[PDB]
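Coming up is one lone chain in structure tokens, specifically the form deposited in one PDB entry.
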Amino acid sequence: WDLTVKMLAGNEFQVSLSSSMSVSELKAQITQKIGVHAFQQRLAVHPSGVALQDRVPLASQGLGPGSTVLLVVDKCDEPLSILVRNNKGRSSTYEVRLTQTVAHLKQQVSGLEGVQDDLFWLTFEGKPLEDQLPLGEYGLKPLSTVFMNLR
């Protein structure tokens, strides 16, 4: 599957989807082309401008081989205030950026809570956060609540 990507603020380039033919794989190929995090990519159908739905298959949104998608990169990486609730249900406020790793947040929580980093993990809406992934890949927002879970 070969697709044209047209960036509003710049270049047009080709990508190939040879695995899942999903939005997730389209975003990953764009990362290889322009070095931008998947969670910062905004995509629409060319030329309608209708936004891509992140869980609907590409085939059902009018897209396949030879289709064109519009791409813009969200320029926003300002700090945002989230909550992390400790083992006793006490929440503390943390300033994070979506380009920081889960490991960055775990360092902040480790210091404020006084719990060595390997004695806990973090969950958002029940899903575990992985140290190496950016906070942005979990859809954290201003006022998101994250849970500290002890071993």
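For every residue, the number given is its place in the sequence shown, counted from 1.
Below, we refer to the form deposited in another entry, which is not included among the displayed structures.
Domain motion between this form and the one not shown: of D118, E78, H104, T31, the residue positioned at the hinge between rigid parts is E78.
Legend note: Cα of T101 to Cα of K75 is at least 3 Å closer in the other form than in the depicted form. Whereas the shown form places them at one spacing, the Cα atoms of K75 and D131 lie at least 3 Å closer in the other form.
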